[PDB]
$ cat upload.cif   # mmCIF, C-alpha atoms
data_run
#
loop_
_atom_site.label_atom_id
_atom_site.label_comp_id
_atom_site.auth_asym_id
_atom_site.auth_seq_id
_atom_site.Cartn_x
_atom_site.Cartn_y
_atom_site.Cartn_z
CA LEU A 1 -7.37 -10.83 -5.13
CA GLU A 2 -11.06 -11.42 -4.40
CA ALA A 3 -11.59 -12.96 -7.84
CA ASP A 4 -8.52 -15.16 -7.38
CA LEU A 5 -9.80 -16.32 -3.98
CA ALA A 6 -13.19 -17.10 -5.53
CA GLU A 7 -11.37 -19.05 -8.26
CA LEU A 8 -9.42 -21.02 -5.66
CA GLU A 9 -12.63 -21.73 -3.73
CA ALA A 10 -14.18 -23.02 -6.97
CA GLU A 11 -11.18 -25.29 -7.57
CA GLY A 12 -11.46 -26.60 -4.00
CA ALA A 13 -7.79 -26.12 -3.17
CA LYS A 14 -6.34 -26.41 0.32
CA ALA A 15 -6.54 -23.47 2.71
CA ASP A 16 -2.74 -23.29 2.50
CA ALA A 17 -3.03 -21.93 -1.04
CA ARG A 18 -5.86 -19.67 0.12
CA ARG A 19 -3.65 -18.09 2.76
CA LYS A 20 -0.65 -17.93 0.41
CA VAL A 21 -2.55 -16.00 -2.27
CA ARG A 22 -4.38 -13.89 0.32
CA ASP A 23 -1.10 -12.92 2.01
CA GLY A 24 0.51 -12.12 -1.33
CA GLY A 25 -2.35 -9.86 -2.35
CA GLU A 26 -2.58 -8.27 1.09
CA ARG A 27 1.14 -7.47 1.11
CA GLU A 28 0.94 -6.11 -2.44
CA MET A 29 -1.90 -3.81 -1.39
CA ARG A 30 0.01 -2.82 1.75
CA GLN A 31 2.92 -1.88 -0.51
CA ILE A 32 0.57 0.10 -2.76
CA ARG A 33 -0.88 2.06 0.16
CA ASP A 34 2.60 2.53 1.64
CA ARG A 35 3.84 4.02 -1.64
CA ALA A 36 0.71 6.16 -1.86
CA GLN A 37 1.47 7.52 1.60
CA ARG A 38 5.10 7.89 0.52
CA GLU A 39 3.96 10.27 -2.20
CA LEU A 40 1.44 11.88 0.16
CA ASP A 41 4.13 12.63 2.75
CA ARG A 42 6.48 13.77 -0.02
CA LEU A 43 3.82 16.30 -1.02
CA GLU A 44 3.20 17.20 2.63
CA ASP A 45 6.92 17.83 3.18
CA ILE A 46 6.93 19.95 0.02
CA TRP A 47 3.98 21.93 1.38
CA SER A 48 5.53 22.42 4.82
CA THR A 49 8.99 23.36 3.51
CA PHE A 50 7.29 25.73 1.03
CA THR A 51 4.70 27.50 3.18
CA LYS A 52 6.97 27.34 6.25
CA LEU A 53 10.01 28.74 4.46
CA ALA A 54 12.30 31.69 5.15
CA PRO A 55 15.90 32.66 4.35
CA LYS A 56 18.76 31.07 6.31
CA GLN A 57 17.03 27.70 5.71
#

$ encode --input "upload.cif" --output "structure tokens"
Amino acid sequence: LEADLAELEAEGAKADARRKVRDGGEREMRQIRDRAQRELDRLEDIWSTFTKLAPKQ
């Protein structure tokens, strides 16, 4: 995303394209971190339901 923004700055495009590409990259990275925390909380639930486990569960 930073390289693409530098490219766009070099091409002298309007700030509309700057914000479009920046928002796209930001939302993609938000999705990446959200999925990473999805897996992290999956593992955390595994750990809780494993360590904190007893019959009748």

$ atom_distance --input "upload.cif" --atom1 "atom CA of residue 21 of chain A" --atom2 "atom CA of residue 38 of chain A"
25.2 Å

$ resolve_selection --input "upload.cif" --expression "the PyMOL selection byres ((chain A and resi 4) around 12)" --output "list in words"
residues 1, 2, 3, 5, 6, 7, 8, 9, 10, 11, 13, 17, 18, 19, 20, 21, 22, 24 and 25 of chain A

$ write_last_selection --input "upload.cif" --atoms "C-alpha atoms" --output "PDB file, keeping the file's coordinate frame"
ATOM      1  CA  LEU A   1      -7.370 -10.830  -5.130  1.00  0.00           C
ATOM      2  CA  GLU A   2     -11.060 -11.420  -4.400  1.00  0.00           C
ATOM      3  CA  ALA A   3     -11.590 -12.960  -7.840  1.00  0.00           C
ATOM      4  CA  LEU A   5      -9.800 -16.320  -3.980  1.00  0.00           C
ATOM      5  CA  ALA A   6     -13.190 -17.100  -5.530  1.00  0.00           C
ATOM      6  CA  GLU A   7     -11.370 -19.050  -8.260  1.00  0.00           C
ATOM      7  CA  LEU A   8      -9.420 -21.020  -5.660  1.00  0.00           C
ATOM      8  CA  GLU A   9     -12.630 -21.730  -3.730  1.00  0.00           C
ATOM      9  CA  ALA A  10     -14.180 -23.020  -6.970  1.00  0.00           C
ATOM     10  CA  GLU A  11     -11.180 -25.290  -7.570  1.00  0.00           C
ATOM     11  CA  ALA A  13      -7.790 -26.120  -3.170  1.00  0.00           C
ATOM     12  CA  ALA A  17      -3.030 -21.930  -1.040  1.00  0.00           C
ATOM     13  CA  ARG A  18      -5.860 -19.670   0.120  1.00  0.00           C
ATOM     14  CA  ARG A  19      -3.650 -18.090   2.760  1.00  0.00           C
ATOM     15  CA  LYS A  20      -0.650 -17.930   0.410  1.00  0.00           C
ATOM     16  CA  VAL A  21      -2.550 -16.000  -2.270  1.00  0.00           C
ATOM     17  CA  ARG A  22      -4.380 -13.890   0.320  1.00  0.00           C
ATOM     18  CA  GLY A  24       0.510 -12.120  -1.330  1.00  0.00           C
ATOM     19  CA  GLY A  25      -2.350  -9.860  -2.350  1.00  0.00           C
TER      20      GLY A  25
END

$ atom_distance --input "upload.cif" --atom1 "atom CA of residue 46 of chain A" --atom2 "atom CA of residue 27 of chain A"
28.0 Å

$ decode --input "upload.cif" --residues "segment 12-55 of chain A" --atoms "N, CA and C atoms" --output "CSV table (one decimal), in the first residue's frame"
chain,number,residue,atom,x,y,z
A,12,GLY,N,1.0,12.0,-9.7
A,12,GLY,CA,0.3,13.3,-9.5
A,12,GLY,C,-1.2,13.1,-9.7
A,13,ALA,N,-1.8,12.0,-9.2
A,13,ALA,CA,-3.2,11.8,-9.4
A,13,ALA,C,-3.9,12.6,-8.3
A,14,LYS,N,-5.3,12.7,-8.4
A,14,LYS,CA,-6.1,13.4,-7.5
A,14,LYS,C,-6.1,12.7,-6.1
A,15,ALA,N,-6.3,13.5,-5.1
A,15,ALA,CA,-6.4,12.9,-3.7
A,15,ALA,C,-7.6,11.9,-3.6
A,16,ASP,N,-8.6,12.0,-4.5
A,16,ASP,CA,-9.7,11.0,-4.5
A,16,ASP,C,-9.1,9.6,-4.7
A,17,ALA,N,-8.2,9.4,-5.7
A,17,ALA,CA,-7.6,8.1,-5.9
A,17,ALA,C,-6.7,7.8,-4.7
A,18,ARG,N,-6.0,8.8,-4.1
A,18,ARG,CA,-5.2,8.5,-3.0
A,18,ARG,C,-6.1,7.9,-1.9
A,19,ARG,N,-7.2,8.5,-1.5
A,19,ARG,CA,-8.0,8.0,-0.5
A,19,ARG,C,-8.7,6.7,-0.9
A,20,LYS,N,-9.0,6.5,-2.1
A,20,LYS,CA,-9.6,5.2,-2.6
A,20,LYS,C,-8.6,4.1,-2.3
A,21,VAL,N,-7.4,4.2,-2.8
A,21,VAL,CA,-6.4,3.1,-2.7
A,21,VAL,C,-6.1,3.0,-1.2
A,22,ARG,N,-5.9,4.1,-0.5
A,22,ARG,CA,-5.6,4.0,1.0
A,22,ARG,C,-6.7,3.3,1.7
A,23,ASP,N,-7.9,3.6,1.5
A,23,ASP,CA,-9.0,2.9,2.1
A,23,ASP,C,-9.1,1.4,1.8
A,24,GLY,N,-8.9,1.1,0.5
A,24,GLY,CA,-8.8,-0.3,0.1
A,24,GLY,C,-7.8,-1.1,0.8
A,25,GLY,N,-6.5,-0.5,0.9
A,25,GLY,CA,-5.5,-1.2,1.6
A,25,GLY,C,-5.7,-1.3,3.1
A,26,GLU,N,-6.2,-0.2,3.7
A,26,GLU,CA,-6.5,-0.2,5.1
A,26,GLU,C,-7.6,-1.2,5.4
A,27,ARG,N,-8.6,-1.3,4.6
A,27,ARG,CA,-9.6,-2.3,4.9
A,27,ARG,C,-9.1,-3.7,4.7
A,28,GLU,N,-8.3,-3.9,3.7
A,28,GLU,CA,-7.7,-5.3,3.5
A,28,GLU,C,-6.8,-5.6,4.7
A,29,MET,N,-6.0,-4.7,5.2
A,29,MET,CA,-5.2,-5.0,6.4
A,29,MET,C,-6.1,-5.2,7.7
A,30,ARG,N,-7.2,-4.4,7.8
A,30,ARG,CA,-8.1,-4.7,8.9
A,30,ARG,C,-8.7,-6.1,8.8
A,31,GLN,N,-9.0,-6.5,7.6
A,31,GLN,CA,-9.5,-7.9,7.4
A,31,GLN,C,-8.4,-8.9,7.8
A,32,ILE,N,-7.2,-8.6,7.4
A,32,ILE,CA,-6.1,-9.5,7.7
A,32,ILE,C,-5.9,-9.7,9.2
A,33,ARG,N,-5.9,-8.5,9.9
A,33,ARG,CA,-5.8,-8.6,11.4
A,33,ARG,C,-7.0,-9.2,12.0
A,34,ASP,N,-8.2,-8.9,11.5
A,34,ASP,CA,-9.4,-9.5,12.0
A,34,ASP,C,-9.4,-11.0,11.9
A,35,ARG,N,-8.9,-11.6,10.8
A,35,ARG,CA,-8.8,-13.0,10.6
A,35,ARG,C,-7.7,-13.6,11.5
A,36,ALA,N,-6.6,-12.8,11.7
A,36,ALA,CA,-5.5,-13.3,12.6
A,36,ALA,C,-6.1,-13.4,14.0
A,37,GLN,N,-6.9,-12.4,14.4
A,37,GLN,CA,-7.5,-12.5,15.7
A,37,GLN,C,-8.6,-13.5,15.8
A,38,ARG,N,-9.2,-13.8,14.6
A,38,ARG,CA,-10.2,-14.9,14.5
A,38,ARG,C,-9.4,-16.2,14.9
A,39,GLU,N,-8.3,-16.5,14.3
A,39,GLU,CA,-7.5,-17.7,14.6
A,39,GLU,C,-7.0,-17.6,16.0
A,40,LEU,N,-6.6,-16.5,16.5
A,40,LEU,CA,-6.1,-16.3,17.8
A,40,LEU,C,-7.1,-16.7,18.9
A,41,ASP,N,-8.4,-16.2,18.7
A,41,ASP,CA,-9.4,-16.5,19.6
A,41,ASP,C,-9.9,-17.9,19.4
A,42,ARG,N,-9.8,-18.5,18.2
A,42,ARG,CA,-10.1,-19.9,18.0
A,42,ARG,C,-9.1,-20.7,18.9
A,43,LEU,N,-7.8,-20.4,18.8
A,43,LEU,CA,-6.9,-21.1,19.7
A,43,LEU,C,-7.1,-20.8,21.2
A,44,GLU,N,-7.5,-19.6,21.5
A,44,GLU,CA,-7.8,-19.3,22.9
A,44,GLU,C,-9.0,-20.1,23.4
A,45,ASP,N,-10.0,-20.2,22.6
A,45,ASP,CA,-11.2,-21.0,23.0
A,45,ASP,C,-10.8,-22.5,23.1
A,46,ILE,N,-9.9,-23.0,22.2
A,46,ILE,CA,-9.4,-24.3,22.3
A,46,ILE,C,-8.7,-24.5,23.7
A,47,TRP,N,-7.8,-23.5,24.0
A,47,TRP,CA,-7.1,-23.6,25.2
A,47,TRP,C,-7.9,-23.6,26.5
A,48,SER,N,-9.0,-22.7,26.5
A,48,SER,CA,-9.9,-22.6,27.6
A,48,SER,C,-10.7,-23.9,27.8
A,49,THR,N,-11.3,-24.3,26.7
A,49,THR,CA,-12.2,-25.5,26.7
A,49,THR,C,-11.3,-26.8,26.9
A,50,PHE,N,-10.0,-26.7,26.8
A,50,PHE,CA,-9.1,-27.9,27.0
A,50,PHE,C,-8.6,-27.9,28.5
A,51,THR,N,-8.0,-26.8,28.9
A,51,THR,CA,-7.5,-26.7,30.2
A,51,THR,C,-8.7,-26.7,31.2
A,52,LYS,N,-9.7,-25.8,31.0
A,52,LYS,CA,-10.9,-25.8,31.8
A,52,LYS,C,-11.9,-26.7,31.2
A,53,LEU,N,-11.7,-28.0,31.5
A,53,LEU,CA,-12.5,-29.1,30.9
A,53,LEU,C,-12.7,-30.1,32.0
A,54,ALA,N,-14.0,-30.6,32.1
A,54,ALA,CA,-14.3,-31.7,33.0
A,54,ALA,C,-15.5,-32.4,32.5
A,55,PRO,N,-15.8,-33.7,32.9
A,55,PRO,CA,-17.0,-34.4,32.4
A,55,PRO,C,-18.2,-33.6,32.6
